[PDB]
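Counting neighbours? That spans all protein chains shown, and the Cβs are built from the backbone with ideal geometry, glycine included. Nothing in this text is a laboratory measurement; each read-out follows from the coordinates by a stated rule.
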Amino acid sequence: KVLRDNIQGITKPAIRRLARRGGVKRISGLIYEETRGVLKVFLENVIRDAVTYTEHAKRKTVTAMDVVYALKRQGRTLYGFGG
Amino acid sequence: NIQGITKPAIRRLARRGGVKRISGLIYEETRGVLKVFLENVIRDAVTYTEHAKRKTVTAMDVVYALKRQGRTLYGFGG
Amino acid sequence: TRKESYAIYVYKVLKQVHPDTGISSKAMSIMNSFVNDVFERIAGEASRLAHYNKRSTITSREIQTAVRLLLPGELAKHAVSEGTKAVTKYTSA
Amino acid sequence: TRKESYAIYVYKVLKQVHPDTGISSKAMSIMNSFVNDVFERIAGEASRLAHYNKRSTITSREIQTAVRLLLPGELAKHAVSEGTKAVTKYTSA
Amino acid sequence: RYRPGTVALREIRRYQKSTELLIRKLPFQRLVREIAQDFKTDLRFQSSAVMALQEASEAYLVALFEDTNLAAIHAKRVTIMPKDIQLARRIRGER
Amino acid sequence: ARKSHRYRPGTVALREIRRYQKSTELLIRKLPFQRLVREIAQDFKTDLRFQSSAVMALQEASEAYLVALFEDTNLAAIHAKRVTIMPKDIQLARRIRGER
Amino acid sequence: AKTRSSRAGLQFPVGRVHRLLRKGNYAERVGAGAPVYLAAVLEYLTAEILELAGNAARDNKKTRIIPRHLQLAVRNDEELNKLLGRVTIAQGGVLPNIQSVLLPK
Amino acid sequence: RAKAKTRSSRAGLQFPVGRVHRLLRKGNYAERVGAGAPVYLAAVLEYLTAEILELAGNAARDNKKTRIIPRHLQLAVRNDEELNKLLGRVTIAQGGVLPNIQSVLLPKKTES
Amino acid sequence: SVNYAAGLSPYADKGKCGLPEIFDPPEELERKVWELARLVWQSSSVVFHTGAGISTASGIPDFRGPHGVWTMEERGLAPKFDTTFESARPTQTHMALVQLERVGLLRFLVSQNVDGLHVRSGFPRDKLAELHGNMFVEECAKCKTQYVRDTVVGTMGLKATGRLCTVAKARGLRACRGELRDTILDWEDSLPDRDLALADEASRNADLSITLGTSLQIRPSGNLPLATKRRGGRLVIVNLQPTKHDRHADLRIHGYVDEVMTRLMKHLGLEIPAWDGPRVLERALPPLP
DNA sequence: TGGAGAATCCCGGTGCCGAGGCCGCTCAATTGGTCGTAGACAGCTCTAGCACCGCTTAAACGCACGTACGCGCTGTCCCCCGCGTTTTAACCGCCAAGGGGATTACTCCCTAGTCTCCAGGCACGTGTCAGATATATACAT
DNA sequence: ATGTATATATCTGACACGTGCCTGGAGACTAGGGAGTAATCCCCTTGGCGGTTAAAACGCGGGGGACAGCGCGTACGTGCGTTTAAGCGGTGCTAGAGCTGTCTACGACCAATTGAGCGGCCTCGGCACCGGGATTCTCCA
Ligand SMILES: *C1O[C@@H]2[C@H](O)[C@@H](COP(=O)(O)OP(=O)(O)OC[C@H]3O[C@@H](n4cnc5c(N)ncnc54)[C@H](O)[C@@H]3O)O[C@@H]2S1
Ligand SMILES: [Zn+2]
């Protein structure tokens, strides 16, 4: 129930695919840990805002609209989930 | 009238920024960037002024223009 | 309870501009979100314009100034032209 | 003309925290603008929070949530602490 | 066999043409739940919520990698290193 | 008190950096900048009167913007194993910032 | 006709726009001409984005519109891109492009 | 009527509660405003002002002055990570910039 | 006993290594300390000035003398040391000055040494002015809060030590996180604000100030007793080497500071406490009869 | 220059879940009328933006010289990349439990709206205090 | 005897304090509706299991470029002397910013009416998927 070190779930081929989508032709070995850390920080910010929205609404589920509002607050408005 | 921003002025701005050496071709690019930034801010401020039916561009209009562009400026009221 | 969406009017506009083209549910939801966001932007800017000048009513002038402040050049000019056309055709009849 | 500002209250707070220290007029203007900006941000976030939950009122809960969303780090924690203490003292009276 | 570097461009073209979600869904959901465990305990994420989180994260990472590649090319290189990511995040006001 | 020819090219620049990062006065001549603001605003609405505080606010905003841009440009130039900021550094800094 | 949207040359709901303006906590009073203007602007912007998306779909040998077409339409037009710079379209992907030096020589 | 003791005095604050209540009501943020919202908002504003002013006074002490100027406010803000994050987009007028010189630009000693 | 010669900066324009250790005849020294005692016993505002000649008796070498660190670093290479700041045994003069403050005769003290032995001797910190600094004191960069440590911070040039400020404030204002920099002035560095201000005030108010164990060659620290005699007042310069203001000196000694201070106390009938560890005390102790 | 291939564009067949149309209707949009006031319009004034000039002089501009840096070429080596086999766990399909989101009554406490009373807050005046500059005196060379 | 440094005095500016004046805030009050609070329903999330199998992991070799070093040209830094227009302090003028006064066109609100957009209903097809045929840079030669 207490999930641990799931950041390793973001594997080397996944970050490589993301880089290739971003136009990268060659990727250093050290890039993967840095990308994992950046993704973790971004997720922590977005999830903190979403959980704040949820807890204010007296709910116990993180609705998609909570994530949409959290992204909108941080200037990363997302279209395709309502709002 | 753009040349009023002299090379020593841009050098002083760079020194404030932290720059140690400045290529000779920096100055034109800095002038262009300044012109674009001022164009945007002035356009917003003049639109605000025209809306309020004023012939004078009040300072608060510039403050609101900057706030709209995500560059809130303190010390001028508002 | 039933929810509100701009699906019907987006459909009508799509049929008017592309009479032989469809649209996916995901694309319709994206368009609904876009319409909501642009409406919120314009309305909030109009409210700020009214509040700045001590006005208490969001008239067509506030909306015009907001749409001129939000959209870039060509988009703002076309939007303001169409809004003026709509108001003229509305008040006239 | 009747102008409104937070100058007196800022000066009172300063003299409460720094018994022997002045403040320039320009610095006072910056502080007044800062108070206005933070007030606007917190109030707007509270309004959006009220609109999301289909509520038609703003309460200490909405302001607390807005403070949590806006202020980062220990700043938000201590701001919430001070607001809660103020509200409980006010209600106790 | 292919001389190194030629299939990197092929992967670039293939993964830029397509629009699916690059990261695997289940590990990302586990990561999101682990992250959320820190703030409040025993949440219940809607599937749409985790899909939104994944879309946002993938878009953010693709944009960050594009900026990082621009920084690397500016540095007279072809390979992106952590310093390029640091530069890209610093020039954008992040961190 | 404290505890107590030609300069090598590079030391006077450091002295200038130390001097200008410890002061607060605006680093652009007020009259030419005011003329520039009037010229830029000329293209939008003619016979437009500017408050003095408006010109001062514009100057402060532009000064802060250019100083921040030059800070990012210097960081980019250092990243490229260099000391002299070039136009490509400014272009990269703006492009990463999102303005370009 | 009877409906305000019909009297104006629009397809968007003027009544719904007016109700949202009144209930949205924007101002104490809402002018009778504001809903017409706001609906007109929304209709024009939807028309523009849908026209570009449909053009992309036609160029993509597709008879419908999918998020990818919307993303391509938004990113391939400078004015809309500046308008929608801080938005991400789910399932929209990224505009295809490669750097000028990574190409084979 | 009895003696008019202001809401701020009862709350214990220094910022005005009645004024912030009026700003909330006339600001068009909600159809109605709670009776505890002005108190909480005023307390938060007072705390933030007190933090900025305390750091500015420390800055002025370090700079050898007895009067706060915009430079002291800028130094107080940019030297605190939380305030810098909160005030990231602001440009405090006449505040200058922090004294930052990159290590690479510094000269190399151990001469002679 | 780490030397503040290379630690300060490579630039060192001392230009003083030939220092004849002139010693006074015992009878002339006795008469001079006698007249100094007669003057000081009646002078009200008395402020002292301790340099790096007092702690030479402790064991840490001086700077300018024949055994001075700078002297050895200039003439060849032979820096000799015996003790350490942690093990630094306070000199009898430190406790003598502590007693002088206790009885209230010592109005103020403006030292320029670095070991902080006066602070470790229990001298009220509100009465001292460590112009150059003190190793056992690290101050918070942010809020200028000063911490007395029992172990040397171990840094030079006003630099971060690695510990964050650990004091808190009222109203819920967040506890500070200052870098906790050190206190020792490198060449061409500013003095400590109101410590220097208090030293100037005390020396101006001092109608009789005696400067001990210092050559007075250094900035302000050697100039305070110049101002102690301007606008009135007498200056007594007790030092072996010829000081930079002997021409302006109203008195002079050639002998051990320990011996002359002991004779001064014996004439005054005053006794001396016998050192301690880091028994630091800040608030001014009440005057004694 | 030429020649074999992995991967890619494209033609033919086609069937399911999603796009598209039907329709009853029920709550929201529409028409007409009443009333208070927010703002349209006109006046007055006097604040401050604007225009111009003379004198000071701090800064801008042009040139000269040299060195510190940028830039390019060349040579490791080492660190990725591409490919092939193992294996590791995602993915999908289906099924169960039950928590928690969503809707519905009752109601009751809280806040909008009014009115009256009056001290807190602002505009102005002022004098006092602090800081900076200039002059005079004393000391040193 | 002259030059420089320090100290004291005077002048100017800015601001904290003091004062009267007024209007926006506090106390007391009532009415009604927003939202607590409890009950009920069932949608969707969690959880599990099992099979096929797509993608991750690991190893191995080679070859591409990262990086360091060295050498050459020249562009910028620094300095100096000549220019010039910014800065400051004057007056002198007037466009229009801000306030006030008056009145009416318009938005809020309400009653009564009806119609159109939504939930659930079914029908039909666009393209993902499959088979193979022809085509483009890679790599080698
Ligand atoms: C930065 O910090 C350093 C510190 O603050 C002082 C150290 O030098 P001073 O104290 O100014 O002078 P100093 O070199 O100590 O001159 C005193 C002279 O006295 C001689 N001496 C040794 N022991 C003595 C006793 N017991 N009595 C009298 N004189 C004595 C020394 O040999 C020395 O010549 O400034 C620096 S810079
Ligand atoms: Zn501290």
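Worth a mention:
- Within the range E:27-72, the set of residues being of a type in the set (A, V, I, L, M, F, W, C) and out of contact with any helix residue (DSSP H, G or I) (no Cβ under 8 Å at 6 or more places or on another chain) comprises E:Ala59, E:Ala63.
- Of the numbered criteria (1) under 27 Å from G:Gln99 (Cβ atoms); (2) away from DNA strand K (no atom under 13 Å from the Cβ), the one E:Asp38 fails is (1).
- Unique residue being over 20 Å from I:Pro225 (Cα atoms), within 14 Å of chain F (Cβ to nearest Cβ) and more than 16 Å from DNA strand J (Cβ to nearest atom) when the list is I:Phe81, I:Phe63: I:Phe63
- Test: I:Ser215 is of a type in the set (S, T, N, Q), within 16 Å of DNA strand K (Cβ to nearest atom) and outside any helix (DSSP H, G or I): no
- Within the range I:86-95, the presence of at least one residue that is closer than 23 Å to I:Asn223 by Cα, of a type outside the set (A, V, I, L, M) and either surrounded by fewer than 21 Cβ atoms within 10 Å (Cβ to Cβ) or in contact with a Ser or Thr (Cβ under 8 Å, 6 or more places away or on another chain) (or both) is confirmed.
- Subset of the range F:19-46 (residues that are outside any helix (DSSP H, G or I) and touching a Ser or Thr at 6+ places or on another chain (Cβ under 9 Å)): F:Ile28, F:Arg29, F:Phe44, F:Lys45
- Test: residue in the range I:147-168 that is facing another protein chain (nearest Cβ under 9 Å) and away from DNA strand K (no atom under 16 Å from the Cβ): no
- Positions within the range F:17-57 being in contact with a strand residue (DSSP E or B) (Cβ under 8 Å, 6 or more places away or on another chain), of a type in the set (S, T, N, Q) and more than 8 Å from chain B (Cβ to nearest Cβ), in sequence order: F:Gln34
- For the range D:18-52, a residue qualifies if it is part of a helix (DSSP H, G or I) and hydroxyl-bearing (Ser, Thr, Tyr), and the qualifying residues are D:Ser25, D:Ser29, D:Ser33, D:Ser47, D:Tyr52.
Listed here are the residues, each with its yes/no results for (1) in contact with a strand residue (DSSP E or B) (Cβ under 7 Å, 6 or more places away or on another chain); (2) of a type outside the set (A, V, I, L, M, F, W, C); (3) farther than 24 Å from B:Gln3 by Cβ.
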{"position": "B:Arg16", "(1), (2), (3)": "no, yes, no"}
{"position": "B:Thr49", "(1), (2), (3)": "yes, yes, yes"}
{"position": "B:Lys53", "(1), (2), (3)": "no, yes, yes"}
{"position": "B:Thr56", "(1), (2), (3)": "yes, yes, yes"}
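- Among the numbered conditions (1) within 7 Å of another protein chain (Cβ to nearest Cβ); (2) part of a helix (DSSP H, G or I); (3) more than 16 Å from the chain's Cα centre (by Cα), the only one that C:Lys15 does not meet is (1).
- Among the residues of this structure, F:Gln91 does not count as one that is facing chain B (nearest Cβ under 9 Å) and in contact with a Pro (Cβ under 9 Å, 6 or more places away or on another chain).
- Close pairs from the range I:175-200: first on the phi > 0 side of the Ramachandran plot, partner away from ligand 1 (no atom under 13 Å from the Cβ) and in a loop (DSSP other than H, G, I, E, B), Cβ under 7 Å, at least 6 apart: I:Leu180/I:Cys140; I:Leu180/I:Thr161; I:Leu180/I:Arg163; I:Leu180/I:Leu164; I:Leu180/I:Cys165; I:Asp193/H:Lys64
- For beta carbons closer than 6 Å, sequence separation of 6+ or different chains, a first residue in the range F:68-80 that is within 9 Å of chain B (Cβ to nearest Cβ) and a second that is β-branched (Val, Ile, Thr), the qualifying pairs are F:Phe70/B:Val19; F:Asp72/E:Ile91; F:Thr73/F:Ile85; F:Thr73/F:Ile90; F:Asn74/B:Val19; F:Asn74/F:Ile85; F:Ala77/F:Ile85.
- Any hit, the range F:58-65, residues being away from DNA strand K (no atom under 12 Å from the Cβ), touching a strand residue (DSSP E or B) at 6+ places or on another chain (Cβ under 6 Å) and not β-branched (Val, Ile, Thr): yes
- Which numbered condition C:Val38 fails, given (1) under 30 Å from G:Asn60 (Cα atoms); (2) over 13 Å from the mean Cα position of the chain (by Cα): (2)
- In the range I:123-168, the qualifying residues are those that are small (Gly, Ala, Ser) and within 16 Å of ligand 2 (Cβ to nearest atom), and the one that is farthest from the chain's Cα centre (by Cα) is I:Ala168.
Each row is one residue, and each column tells you yes or no for (1) under 11 Å from the mean Cα position of the chain (by Cα); (2) within 16 Å of F:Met56 (Cα to Cα); (3) facing chain F (nearest Cβ under 7 Å).
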site	(1), (2), (3)
B:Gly24	no, no, no
B:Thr30	no, no, yes
B:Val41	yes, yes, yes
B:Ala52	no, no, no
B:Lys55	no, no, yes
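- Hey, I:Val114 within 16 Å of ligand 2 (Cβ to nearest atom), crowded, with 21+ Cβ neighbours inside 10 Å and outside any helix (DSSP H, G or I) or not: no
- Residue in the range H:48-63 that is at the interface with chain D (Cβ under 8 Å from one of its Cβ atoms), in a helix (DSSP H, G or I), within 9 Å of DNA strand J (Cβ to nearest atom) and small (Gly, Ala, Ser) present: no
Yes/no matrix, rows are residues, columns are (1) within 22 Å of F:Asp72 (Cα to Cα); (2) part of a helix (DSSP H, G or I); (3) within 16 Å of DNA strand K (Cβ to nearest atom):
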| site | (1), (2), (3) |
| --- | --- |
| B:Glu29 | yes, yes, yes |
| B:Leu34 | yes, yes, no |
| B:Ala45 | no, yes, yes |
| B:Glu50 | no, yes, yes |
| B:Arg54 | no, no, yes |
| B:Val62 | no, yes, yes |
| B:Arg71 | yes, no, no |
| B:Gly77 | no, no, yes |
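- Filtering I:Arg247, I:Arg252, I:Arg231 for residues that are in contact with a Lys or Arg (Cβ under 9 Å, 6 or more places away or on another chain), farther than 20 Å from I:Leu131 by Cα and within 16 Å of DNA strand J (Cβ to nearest atom) leaves a single hit, I:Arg231.
- Taking the range I:31-54 as the range and being touching a helix residue (DSSP H, G or I) at 6+ places or on another chain (Cβ under 9 Å) and surrounded by fewer than 16 Cβ atoms within 10 Å (Cβ to Cβ) as the test, the residues that pass are I:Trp34, I:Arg38, I:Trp41.
Here is a yes/no grid of residues against (1) within 16 Å of DNA strand J (Cβ to nearest atom); (2) in a helix (DSSP H, G or I); (3) closer than 30 Å to I:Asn205 by Cα; (4) aromatic (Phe, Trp, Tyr):
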position: I:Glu130; (1), (2), (3), (4): no, no, yes, no
position: I:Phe136; (1), (2), (3), (4): no, no, yes, yes
position: I:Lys144; (1), (2), (3), (4): no, no, yes, no
position: I:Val153; (1), (2), (3), (4): no, no, no, no
position: I:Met156; (1), (2), (3), (4): no, no, no, no
position: I:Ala160; (1), (2), (3), (4): no, no, no, no
position: I:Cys176; (1), (2), (3), (4): no, no, no, no
position: I:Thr183; (1), (2), (3), (4): no, no, yes, no
position: I:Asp186; (1), (2), (3), (4): no, no, yes, no
